[PDB]
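S.K.: Provided herewith: input.txt, compact mmCIF, C-alpha atoms and all ligand atoms.
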# COMPACT_ATOMS: atom_id res chain seq x y z
CA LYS F 13 146.48 10.48 150.55
CA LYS F 14 143.20 11.77 151.95
CA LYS F 15 141.90 9.53 154.76
CA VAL F 16 138.61 7.64 154.44
CA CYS F 17 136.47 6.25 157.25
CA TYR F 18 133.59 3.90 156.34
CA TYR F 19 130.56 2.73 158.36
CA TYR F 20 128.93 -0.68 158.11
CA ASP F 21 126.99 -2.98 160.42
CA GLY F 22 126.76 -6.57 159.26
CA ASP F 23 123.07 -6.79 160.26
CA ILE F 24 121.95 -3.90 158.03
CA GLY F 25 121.21 -6.28 155.12
CA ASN F 26 118.88 -8.37 157.33
CA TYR F 27 116.17 -5.67 157.73
CA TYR F 28 113.36 -6.47 155.31
CA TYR F 29 110.73 -3.96 154.13
CA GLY F 30 108.37 -6.82 153.16
CA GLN F 31 107.38 -8.97 150.17
CA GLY F 32 107.16 -6.88 146.93
CA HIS F 33 108.69 -3.73 148.52
CA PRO F 34 111.40 -2.40 146.16
CA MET F 35 113.70 -1.12 148.96
CA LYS F 36 116.21 -3.92 149.72
CA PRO F 37 118.73 -3.18 152.54
CA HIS F 38 120.59 -6.32 151.33
CA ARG F 39 122.04 -4.09 148.59
CA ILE F 40 124.25 -2.48 151.30
CA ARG F 41 125.66 -5.93 152.20
CA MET F 42 126.25 -6.69 148.50
CA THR F 43 128.13 -3.41 148.23
CA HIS F 44 130.22 -4.21 151.30
CA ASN F 45 131.05 -7.72 150.09
CA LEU F 46 132.09 -6.50 146.66
CA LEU F 47 134.38 -3.78 147.97
CA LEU F 48 135.93 -6.24 150.49
CA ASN F 49 136.67 -8.64 147.63
CA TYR F 50 138.27 -5.81 145.68
CA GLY F 51 140.61 -5.32 148.71
CA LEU F 52 139.49 -1.75 149.44
CA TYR F 53 139.44 -2.52 153.20
CA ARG F 54 143.29 -2.34 153.07
CA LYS F 55 143.11 1.42 152.41
CA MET F 56 140.37 2.68 154.76
CA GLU F 57 139.22 2.58 158.37
CA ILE F 58 136.10 0.46 158.74
CA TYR F 59 133.80 1.06 161.74
CA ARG F 60 130.54 -0.35 163.00
CA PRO F 61 128.06 2.44 163.66
CA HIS F 62 126.50 2.83 167.08
CA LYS F 63 122.72 2.59 167.39
CA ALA F 64 121.73 6.26 167.33
CA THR F 65 119.86 7.13 170.49
CA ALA F 66 116.47 8.84 170.92
CA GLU F 67 118.45 11.79 172.29
CA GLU F 68 120.44 12.01 169.02
CA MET F 69 117.33 11.62 166.80
CA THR F 70 115.33 14.26 168.67
CA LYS F 71 117.96 16.88 167.78
CA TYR F 72 115.67 17.21 164.74
CA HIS F 73 112.64 14.88 165.01
CA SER F 74 109.79 15.38 167.42
CA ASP F 75 109.81 13.33 170.65
CA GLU F 76 106.35 11.93 169.95
CA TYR F 77 107.40 10.70 166.48
CA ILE F 78 110.60 9.03 167.75
CA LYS F 79 108.76 7.45 170.72
CA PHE F 80 106.22 6.04 168.22
CA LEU F 81 108.98 4.54 165.98
CA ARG F 82 110.51 2.96 169.10
CA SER F 83 107.11 1.43 169.99
CA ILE F 84 105.54 0.21 166.74
CA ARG F 85 105.85 -3.48 165.82
CA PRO F 86 104.07 -5.97 163.52
CA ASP F 87 102.37 -7.57 166.58
CA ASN F 88 100.91 -4.29 168.04
CA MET F 89 99.87 -2.35 164.85
CA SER F 90 96.18 -2.92 165.65
CA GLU F 91 96.64 -0.80 168.83
CA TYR F 92 98.46 2.05 167.03
CA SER F 93 96.28 2.64 163.94
CA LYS F 94 95.68 6.39 164.62
CA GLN F 95 99.39 7.07 165.32
CA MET F 96 100.26 5.10 162.17
CA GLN F 97 98.04 7.53 160.20
CA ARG F 98 99.50 10.62 161.96
CA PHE F 99 103.13 9.55 161.38
CA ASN F 100 102.53 8.10 157.84
CA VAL F 101 103.78 4.62 158.79
CA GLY F 102 102.14 1.38 157.55
CA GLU F 103 102.12 1.60 153.70
CA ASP F 104 105.12 2.67 151.55
CA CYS F 105 106.87 3.23 154.91
CA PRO F 106 105.85 -0.16 156.27
CA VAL F 107 106.04 -1.55 159.80
CA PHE F 108 108.69 -4.30 159.89
CA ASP F 109 110.62 -6.34 162.44
CA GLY F 110 113.57 -4.24 163.68
CA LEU F 111 112.36 -1.00 162.05
CA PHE F 112 113.72 1.12 164.89
CA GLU F 113 117.12 -0.68 164.94
CA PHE F 114 117.38 -0.08 161.18
CA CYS F 115 116.82 3.64 161.78
CA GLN F 116 119.39 3.59 164.60
CA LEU F 117 122.15 1.96 162.47
CA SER F 118 121.46 4.05 159.35
CA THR F 119 121.49 7.22 161.42
CA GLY F 120 124.41 6.13 163.57
CA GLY F 121 126.73 5.86 160.59
CA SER F 122 125.90 9.37 159.38
CA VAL F 123 126.23 11.14 162.73
CA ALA F 124 129.39 9.19 163.62
CA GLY F 125 130.88 10.20 160.20
CA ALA F 126 130.06 13.83 160.89
CA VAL F 127 131.76 13.67 164.32
CA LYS F 128 134.89 12.20 162.67
CA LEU F 129 134.96 15.05 160.16
CA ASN F 130 134.41 17.65 162.95
CA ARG F 131 137.32 16.15 164.97
CA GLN F 132 139.51 16.35 161.81
CA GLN F 133 140.23 12.62 162.24
CA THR F 134 139.26 11.96 158.64
CA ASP F 135 138.87 13.76 155.30
CA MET F 136 135.98 11.67 154.05
CA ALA F 137 133.42 9.56 155.85
CA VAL F 138 131.19 7.11 154.04
CA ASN F 139 127.82 5.65 155.15
CA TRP F 140 126.08 3.76 152.32
CA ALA F 141 123.23 2.84 154.76
CA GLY F 142 122.32 6.57 155.04
CA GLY F 143 120.93 9.21 152.69
CA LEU F 144 117.23 9.00 153.84
CA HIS F 145 116.39 12.43 152.40
CA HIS F 146 112.53 12.33 152.49
CA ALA F 147 111.99 11.88 156.26
CA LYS F 148 110.30 14.85 157.92
CA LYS F 149 110.41 16.24 161.43
CA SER F 150 107.25 14.42 162.57
CA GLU F 151 106.45 11.92 159.80
CA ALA F 152 107.88 9.19 157.63
CA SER F 153 107.89 9.68 153.85
CA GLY F 154 109.09 7.83 150.78
CA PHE F 155 110.46 4.74 152.55
CA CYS F 156 112.38 7.03 154.99
CA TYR F 157 111.71 7.25 158.75
CA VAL F 158 114.62 9.11 160.37
CA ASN F 159 116.50 11.84 158.44
CA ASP F 160 120.13 10.80 159.04
CA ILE F 161 121.22 13.55 156.64
CA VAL F 162 119.61 16.40 158.60
CA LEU F 163 121.04 14.95 161.85
CA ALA F 164 124.53 14.72 160.30
CA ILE F 165 124.29 18.29 158.99
CA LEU F 166 123.25 19.51 162.45
CA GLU F 167 126.38 17.78 163.85
CA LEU F 168 128.61 19.52 161.21
CA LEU F 169 126.93 22.90 162.02
CA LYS F 170 128.43 22.69 165.47
CA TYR F 171 131.88 23.33 163.92
CA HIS F 172 131.10 24.73 160.45
CA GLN F 173 129.47 28.09 159.72
CA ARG F 174 128.40 26.98 156.20
CA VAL F 175 127.59 23.42 155.13
CA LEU F 176 126.85 22.42 151.52
CA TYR F 177 124.43 19.55 150.81
CA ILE F 178 124.44 17.98 147.29
CA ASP F 179 121.86 15.34 146.24
CA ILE F 180 122.20 13.26 143.06
CA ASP F 181 119.42 10.78 143.88
CA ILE F 182 116.82 10.90 141.06
CA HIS F 183 114.30 12.24 143.67
CA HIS F 184 114.23 15.73 145.12
CA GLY F 185 115.88 15.84 148.57
CA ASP F 186 112.78 17.47 150.02
CA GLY F 187 113.19 16.61 153.74
CA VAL F 188 116.72 18.03 153.79
CA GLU F 189 115.68 21.16 151.85
CA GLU F 190 112.74 21.71 154.19
CA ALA F 191 114.82 21.39 157.38
CA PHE F 192 117.18 24.20 156.24
CA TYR F 193 114.88 26.21 153.93
CA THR F 194 114.99 29.38 156.11
CA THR F 195 118.75 29.40 156.95
CA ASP F 196 121.81 30.49 155.04
CA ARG F 197 123.97 28.13 157.15
CA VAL F 198 123.15 25.20 154.85
CA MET F 199 122.86 25.45 151.10
CA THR F 200 120.93 22.52 149.58
CA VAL F 201 121.57 21.57 145.96
CA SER F 202 119.36 18.86 144.42
CA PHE F 203 119.45 17.49 140.85
CA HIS F 204 116.30 15.40 140.27
CA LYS F 205 113.61 14.36 137.90
CA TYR F 206 110.75 16.81 137.95
CA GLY F 207 107.23 16.74 136.42
CA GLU F 208 104.48 14.96 138.39
CA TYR F 209 107.17 12.81 139.95
CA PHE F 210 107.74 11.87 143.61
CA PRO F 211 107.86 13.87 145.88
CA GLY F 212 106.45 16.70 143.72
CA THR F 213 108.79 19.42 145.04
CA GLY F 214 112.13 20.88 143.85
CA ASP F 215 110.85 23.39 141.28
CA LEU F 216 113.53 25.69 139.76
CA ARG F 217 111.68 28.56 141.50
CA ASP F 218 111.99 27.06 145.03
CA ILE F 219 115.04 29.08 146.12
CA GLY F 220 114.55 29.25 149.95
CA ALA F 221 112.83 31.82 152.23
CA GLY F 222 113.81 34.42 154.80
CA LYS F 223 117.52 34.39 155.61
CA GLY F 224 117.50 31.20 153.48
CA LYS F 225 116.43 33.00 150.27
CA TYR F 226 118.88 31.90 147.49
CA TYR F 227 120.31 29.07 149.72
CA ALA F 228 118.20 26.34 148.13
CA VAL F 229 119.09 25.27 144.61
CA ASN F 230 117.03 22.89 142.48
CA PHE F 231 117.92 21.56 139.02
CA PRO F 232 114.82 19.86 137.57
CA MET F 233 115.47 17.30 134.80
CA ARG F 234 113.53 15.08 132.41
CA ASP F 235 113.84 11.36 131.64
CA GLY F 236 116.89 9.96 129.94
CA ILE F 237 119.63 12.32 131.07
CA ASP F 238 123.04 10.86 130.17
CA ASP F 239 126.61 11.15 131.45
CA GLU F 240 127.59 13.90 129.00
CA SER F 241 124.53 16.06 129.73
CA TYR F 242 124.76 15.58 133.50
CA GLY F 243 128.52 16.24 133.58
CA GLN F 244 128.12 19.48 131.60
CA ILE F 245 125.83 20.94 134.23
CA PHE F 246 127.06 19.37 137.50
CA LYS F 247 130.63 20.70 137.42
CA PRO F 248 129.76 24.25 136.46
CA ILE F 249 126.92 24.50 139.00
CA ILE F 250 128.92 23.04 141.90
CA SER F 251 131.96 25.22 140.90
CA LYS F 252 129.77 28.34 141.03
CA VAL F 253 128.17 27.23 144.35
CA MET F 254 131.65 26.66 145.78
CA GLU F 255 132.90 30.06 144.60
CA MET F 256 129.86 32.02 145.88
CA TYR F 257 128.91 30.05 149.04
CA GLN F 258 132.42 29.00 150.23
CA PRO F 259 131.23 26.14 152.48
CA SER F 260 133.69 24.49 154.94
CA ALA F 261 132.09 21.00 154.81
CA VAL F 262 130.08 19.04 152.26
CA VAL F 263 127.48 16.27 152.46
CA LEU F 264 126.88 14.33 149.20
CA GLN F 265 123.84 12.04 148.88
CA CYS F 266 124.84 9.44 146.27
CA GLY F 267 121.44 7.85 145.53
CA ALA F 268 121.92 5.29 142.76
CA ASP F 269 118.33 5.39 141.44
CA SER F 270 119.72 7.95 138.93
CA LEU F 271 121.54 5.09 137.10
CA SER F 272 120.55 3.63 133.79
CA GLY F 273 118.46 0.48 134.17
CA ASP F 274 117.12 1.34 137.63
CA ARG F 275 113.90 -0.53 138.39
CA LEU F 276 112.11 2.68 139.50
CA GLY F 277 114.19 5.56 137.97
CA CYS F 278 114.22 6.77 134.36
CA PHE F 279 117.67 8.42 134.03
CA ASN F 280 120.47 7.01 131.85
CA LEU F 281 123.71 7.61 133.85
CA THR F 282 126.50 5.05 133.98
CA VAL F 283 128.44 4.29 137.14
CA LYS F 284 131.29 6.47 135.72
CA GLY F 285 128.88 9.36 135.07
CA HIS F 286 127.47 9.14 138.55
CA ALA F 287 130.92 8.79 140.17
CA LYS F 288 132.18 11.85 138.28
CA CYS F 289 130.07 13.81 140.77
CA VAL F 290 132.17 12.39 143.63
CA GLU F 291 135.39 13.25 141.74
CA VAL F 292 134.23 16.86 141.18
CA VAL F 293 133.26 17.40 144.82
CA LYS F 294 136.64 15.94 145.98
CA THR F 295 138.60 18.51 143.92
CA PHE F 296 137.47 21.21 146.43
CA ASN F 297 139.44 19.54 149.32
CA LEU F 298 136.68 20.04 151.87
CA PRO F 299 135.68 17.58 154.62
CA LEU F 300 133.14 15.32 152.88
CA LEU F 301 130.41 12.99 154.13
CA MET F 302 129.28 10.58 151.41
CA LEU F 303 125.90 8.92 152.00
CA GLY F 304 123.80 6.35 150.22
CA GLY F 305 120.29 6.83 148.86
CA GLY F 306 117.93 5.11 146.47
CA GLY F 307 118.63 2.41 143.90
CA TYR F 308 116.45 -0.56 143.04
CA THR F 309 118.52 -2.59 140.56
CA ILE F 310 120.67 -3.94 143.30
CA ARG F 311 123.59 -5.27 141.24
CA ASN F 312 124.07 -1.73 139.90
CA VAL F 313 123.78 -0.18 143.37
CA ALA F 314 126.63 -2.47 144.54
CA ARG F 315 128.72 -1.49 141.48
CA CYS F 316 128.04 2.23 141.93
CA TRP F 317 128.91 2.46 145.63
CA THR F 318 131.90 0.13 145.29
CA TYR F 319 133.30 2.33 142.52
CA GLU F 320 132.53 5.53 144.48
CA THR F 321 134.39 4.09 147.50
CA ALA F 322 137.37 3.52 145.19
CA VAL F 323 137.03 7.12 143.93
CA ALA F 324 137.07 8.37 147.54
CA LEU F 325 140.30 6.34 148.11
CA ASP F 326 141.87 7.53 144.82
CA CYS F 327 142.26 3.87 143.87
CA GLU F 328 141.47 2.52 140.40
CA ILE F 329 139.95 -0.91 140.42
CA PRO F 330 139.57 -3.33 137.52
CA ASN F 331 136.40 -3.68 135.48
CA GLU F 332 136.67 -7.47 135.90
CA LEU F 333 134.71 -8.20 139.08
CA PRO F 334 136.42 -10.27 141.76
CA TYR F 335 134.70 -13.42 142.92
CA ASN F 336 132.30 -12.52 145.75
CA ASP F 337 129.37 -13.94 147.73
CA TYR F 338 126.87 -12.46 145.24
CA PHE F 339 128.83 -13.11 142.03
CA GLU F 340 125.82 -14.58 140.13
CA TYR F 341 123.96 -11.21 140.61
CA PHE F 342 126.44 -9.54 138.22
CA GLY F 343 125.76 -11.63 135.11
CA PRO F 344 125.75 -11.76 132.26
CA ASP F 345 128.97 -9.73 131.95
CA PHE F 346 130.51 -9.80 135.50
CA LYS F 347 131.93 -6.27 134.98
CA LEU F 348 131.92 -3.33 137.35
CA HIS F 349 130.89 -0.71 134.79
CA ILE F 350 127.53 -0.46 133.01
CA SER F 351 126.49 0.69 129.56
CA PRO F 352 123.80 3.28 129.00
CA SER F 353 120.50 2.25 127.34
CA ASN F 354 119.08 3.54 124.07
CA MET F 355 116.38 5.59 125.89
CA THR F 356 115.78 9.09 124.54
CA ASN F 357 117.33 11.97 126.45
CA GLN F 358 114.32 14.38 126.94
CA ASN F 359 116.80 17.04 128.25
CA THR F 360 117.80 19.07 125.21
CA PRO F 361 121.11 20.99 125.18
CA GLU F 362 119.16 24.25 125.19
CA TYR F 363 116.97 23.16 128.13
CA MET F 364 120.04 22.23 130.20
CA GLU F 365 121.88 25.51 129.42
CA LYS F 366 118.76 27.67 130.06
CA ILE F 367 118.16 26.09 133.49
CA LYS F 368 121.88 26.46 134.33
CA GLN F 369 121.71 30.13 133.33
CA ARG F 370 118.67 30.71 135.67
CA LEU F 371 120.59 29.00 138.53
CA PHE F 372 123.71 31.13 137.82
CA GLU F 373 121.52 34.28 138.07
CA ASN F 374 120.27 33.12 141.50
CA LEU F 375 123.78 32.27 142.71
CA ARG F 376 125.02 35.74 141.69
CA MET F 377 122.50 37.11 144.26
CA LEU F 378 124.66 35.72 147.12
CA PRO F 379 126.49 38.54 149.05
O1 LIG Z 401 113.84 6.27 145.67
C1 LIG Z 401 113.03 6.71 146.48
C2 LIG Z 401 113.50 7.67 147.57
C3 LIG Z 401 113.74 6.87 148.87
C4 LIG Z 401 115.11 7.37 149.34
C5 LIG Z 401 115.88 6.47 150.30
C6 LIG Z 401 117.25 6.61 150.44
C7 LIG Z 401 117.98 5.81 151.30
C8 LIG Z 401 117.34 4.85 152.04
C9 LIG Z 401 115.98 4.69 151.91
CL1 LIG Z 401 115.17 3.46 152.85
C10 LIG Z 401 115.24 5.48 151.05
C11 LIG Z 401 115.82 7.65 148.02
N1 LIG Z 401 114.78 8.30 147.21
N2 LIG Z 401 111.73 6.38 146.44
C12 LIG Z 401 111.20 5.44 145.45
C13 LIG Z 401 109.95 6.03 144.82
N3 LIG Z 401 108.95 6.30 145.86
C14 LIG Z 401 107.66 6.58 145.41
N4 LIG Z 401 107.51 6.80 144.07
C15 LIG Z 401 106.28 7.08 143.60
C16 LIG Z 401 105.15 7.15 144.38
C17 LIG Z 401 105.28 6.92 145.77
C18 LIG Z 401 104.35 6.91 146.86
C19 LIG Z 401 104.94 6.64 148.05
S1 LIG Z 401 106.62 6.37 147.97
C20 LIG Z 401 106.57 6.63 146.27
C21 LIG Z 401 109.48 7.27 146.82
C22 LIG Z 401 110.77 6.77 147.46
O1 LIG Z 402 128.45 -8.45 162.16
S1 LIG Z 402 128.06 -8.02 163.50
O2 LIG Z 402 129.01 -7.10 164.09
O3 LIG Z 402 127.75 -9.15 164.37
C1 LIG Z 402 126.54 -7.12 163.29
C2 LIG Z 402 126.09 -6.42 164.56
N1 LIG Z 402 124.68 -5.97 164.42
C3 LIG Z 402 124.11 -5.18 165.57
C4 LIG Z 402 122.79 -4.54 165.13
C5 LIG Z 402 122.07 -3.87 166.29
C6 LIG Z 402 121.84 -4.85 167.42
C7 LIG Z 402 123.17 -5.40 167.92
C8 LIG Z 402 123.92 -6.09 166.79
CA CA Z 403 118.32 14.64 143.98
NA NA Z 404 119.05 26.66 153.08
ZN ZN Z 405 115.29 8.17 145.14
Can you present the structure in this file as structure tokens?
M.R.:
Amino acid sequence: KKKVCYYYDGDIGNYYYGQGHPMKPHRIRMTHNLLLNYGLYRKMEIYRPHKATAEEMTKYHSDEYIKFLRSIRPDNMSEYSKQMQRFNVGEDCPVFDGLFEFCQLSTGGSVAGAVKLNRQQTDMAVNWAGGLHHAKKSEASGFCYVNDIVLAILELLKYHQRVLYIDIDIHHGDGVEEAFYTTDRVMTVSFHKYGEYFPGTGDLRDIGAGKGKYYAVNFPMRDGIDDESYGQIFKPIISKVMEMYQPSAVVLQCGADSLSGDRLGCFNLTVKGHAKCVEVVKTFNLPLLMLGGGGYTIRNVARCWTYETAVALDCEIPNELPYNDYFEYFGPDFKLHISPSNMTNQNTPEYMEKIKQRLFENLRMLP
């Protein structure tokens, strides 16, 4: 079997974005506890991430920005109000106790995973605490402070001429796209809701610039996309990307805010529909870093990432959930898998095929 390494620090669920903030790191602990109770620890290597250093983070981020994140605390915010404005910290990216440590552990898992892949010590590495795709070189954005994904891709680029990034979070992976927009050494592929929706980027027509022209791919979608519709475009697009780009490593952001029932997202994917993306990417037999992402209905985040860990291990697991420390969260049914809702799919067959056809025309422009 393909080998899987998995990163988790038992404090990650203790970082708290603040009362009423929808981002709940506790969801990572729920995920871990569920997959432990399913027995999946028997089949993979489990590591604690290191705390990523300033030196590691400044491989992408500016020194001033990282020094600020290392400095800012609830008790000294009054003294830092102008830096808070410059670095976009204090509102949707709040100041909280242990903010910097949270960044260090999230990032540590992603970079450590990348090193493992580079050293050919694993076939897949998993960091559900990562996937912070909105963070920018010198500013926080969209709940994200340090871009673990960009840092992990930079690590892979030490050994790999061509790295493929795939993002199935409901939001456009703008910070990752931006970092690599002018290079052909990373192709970014984002599927996301588009139409006056955060972050506002990821138009069909954003295809990269300079040497990077045609190395950014964006599939904009409407509310209510379902497993059938998503599956019919994901496999063909990734197949064509693989054929034309021929990457030697892949990073897959597995943001679960694209699931049905998400508190913030308006897609209608099941856990099986979402996990099909992991199965498709695995068929290409390339070194693969799987990262977390959004997701705000936390029972469904735990289900999603537990099932995707099982997919990585080629292990079926039963729909009947095992007893676990969060069992009451999974009522009323106590099953792993979720049903779609009755929401309308605004993505017509013709819309999906037309967008796919435009993306195929762009991919045919590769050498
Ligand atoms: O889901 C996300 C992003 C977060 C990202 C992620 C992944 C992993 C760990 C972490 Cl800590 C964060 C996964 N995608 N967001 C929710 C919606 N939000 C806004 N919507 C409307 C409006 C506004 C205005 C400001 S923020 C916002 C933007 C951020
Ligand atoms: O379960 S456990 O291994 O004790 C969790 C370790 N947490 C670390 C977070 C960063 C600061 C050092 C401790
Ligand atoms: Ca996306
Ligand atoms: Na690119
Ligand atoms: Zn998101």
S.K.: Within 12 Å of residue 240 in chain F, counting all atoms listed in the file, which residues show up once you throw out same-chain ones fewer than 2 positions away? Write them as a compact mmCIF listing (two decimals) with C-alpha atoms, in the frame of the given file, please.
M.R.:
# COMPACT_ATOMS: atom_id res chain seq x y z
CA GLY F 236 116.89 9.96 129.94
CA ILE F 237 119.63 12.32 131.07
CA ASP F 238 123.04 10.86 130.17
CA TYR F 242 124.76 15.58 133.50
CA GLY F 243 128.52 16.24 133.58
CA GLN F 244 128.12 19.48 131.60
CA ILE F 245 125.83 20.94 134.23
CA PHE F 246 127.06 19.37 137.50
CA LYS F 247 130.63 20.70 137.42
CA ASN F 280 120.47 7.01 131.85
CA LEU F 281 123.71 7.61 133.85
CA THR F 282 126.50 5.05 133.98
CA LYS F 284 131.29 6.47 135.72
CA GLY F 285 128.88 9.36 135.07
CA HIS F 286 127.47 9.14 138.55
CA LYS F 288 132.18 11.85 138.28
CA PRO F 352 123.80 3.28 129.00
CA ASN F 357 117.33 11.97 126.45
CA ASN F 359 116.80 17.04 128.25
CA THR F 360 117.80 19.07 125.21
CA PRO F 361 121.11 20.99 125.18
CA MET F 364 120.04 22.23 130.20
S.K.: All residues within 7 Å of ligand ZN 405 (chain Z) are required, counting all atoms listed in the file; please report them as a list in words.
M.R.: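 Going residue by residue within 7 Å of ligand ZN 405 (chain Z), we get residues 181, 182, 183, 267, 269, 305, 306 and 307 of chain F.
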S.K.: Those same residues - C-alpha atoms - I'd like them written as a PDB file, keeping the file's coordinate frame.
M.R.:
ATOM      1  CA  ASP F 181     119.420  10.780 143.880  1.00  0.00           C
ATOM      2  CA  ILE F 182     116.820  10.900 141.060  1.00  0.00           C
ATOM      3  CA  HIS F 183     114.300  12.240 143.670  1.00  0.00           C
ATOM      4  CA  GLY F 267     121.440   7.850 145.530  1.00  0.00           C
ATOM      5  CA  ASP F 269     118.330   5.390 141.440  1.00  0.00           C
ATOM      6  CA  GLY F 305     120.290   6.830 148.860  1.00  0.00           C
ATOM      7  CA  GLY F 306     117.930   5.110 146.470  1.00  0.00           C
ATOM      8  CA  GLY F 307     118.630   2.410 143.900  1.00  0.00           C
TER       9      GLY F 307
END
S.K.: Taking all atoms listed in the file into account, which of F:124, F:324, F:56, F:111 comes nearest ligand LIG 401 (chain Z)?
M.R.: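 Under the stated criterion, the closest residue is F:111.
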S.K.: Between CA of residue 178 in chain F and CA of residue 209 in chain F, what is the distance, to one decimal in Å?
M.R.: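 Rounded to one decimal, the two atoms are 19.5 Å apart.
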S.K.: Please list as an MDAnalysis selection string every residue within 7 Å of residue 259 in chain F, counting only C-alpha atoms and excluding residues in the same chain fewer than 6 positions away.
M.R.: chainID F and resid 174:176
S.K.: Take the residues from that selection and put them in a file with C-alpha atoms, as a compact mmCIF listing (two decimals), keeping the file's coordinate frame.
M.R.:
# COMPACT_ATOMS: atom_id res chain seq x y z
CA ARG F 174 128.40 26.98 156.20
CA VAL F 175 127.59 23.42 155.13
CA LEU F 176 126.85 22.42 151.52
S.K.: I need the residue nearest residue 374 in chain F from this list: F:253, F:329, F:162, F:298. Use all atoms listed in the file for the distance.
M.R.: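 Closest to residue 374 in chain F of all the choices is F:253.
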S.K.: Show me which residues are within 6 Å of ligand LIG 401 (chain Z) counting only C-alpha atoms and all ligand atoms, and format the list as a list in words.
M.R.: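 Counting only C-alpha atoms and all ligand atoms, the residues within 6 Å of ligand LIG 401 (chain Z) come out as residues 104, 142, 143, 144, 154, 155, 156, 183, 210, 304, 305 and 306 of chain F.
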S.K.: I need the residue nearest residue 202 in chain F from this list: F:68, F:186, F:345, F:179. Use all atoms listed in the file for the distance.
M.R.: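 Counting all atoms listed in the file, the residue closest to residue 202 in chain F is F:179.
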S.K.: I'd like to know which of F:330, F:185, F:125, F:61 is closest to ligand LIG 402 (chain Z), using all atoms listed in the file.
M.R.: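 Nearest to ligand LIG 402 (chain Z): F:61.
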S.K.: Find the residue from F:59, F:341, F:177, F:257 that sits nearest to ligand CA 403 (chain Z); use all atoms listed in the file when measuring.
M.R.: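 Smallest separation from ligand CA 403 (chain Z) among the options: F:177.
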S.K.: Can you tell me which residues sit at most 8 Å away from ligand LIG 402 (chain Z), counting all atoms listed in the file, written as a list in words?
M.R.: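 Based on all atoms listed in the file, ligand LIG 402 (chain Z) is surrounded within 8 Å by residues 21, 22, 23, 24, 60, 63, 113, 114 and 117 of chain F.
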S.K.: Store the residues picked out above, limited to C-alpha atoms, as a JSON list (two decimals), in the frame of the given file.
M.R.:
[["chain", "number", "residue", "atom", "x", "y", "z"],
["F", 21, "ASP", "CA", 126.99, -2.98, 160.42],
["F", 22, "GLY", "CA", 126.76, -6.57, 159.26],
["F", 23, "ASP", "CA", 123.07, -6.79, 160.26],
["F", 24, "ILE", "CA", 121.95, -3.90, 158.03],
["F", 60, "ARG", "CA", 130.54, -0.35, 163.00],
["F", 63, "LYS", "CA", 122.72, 2.59, 167.39],
["F", 113, "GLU", "CA", 117.12, -0.68, 164.94],
["F", 114, "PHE", "CA", 117.38, -0.08, 161.18],
["F", 117, "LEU", "CA", 122.15, 1.96, 162.47]]
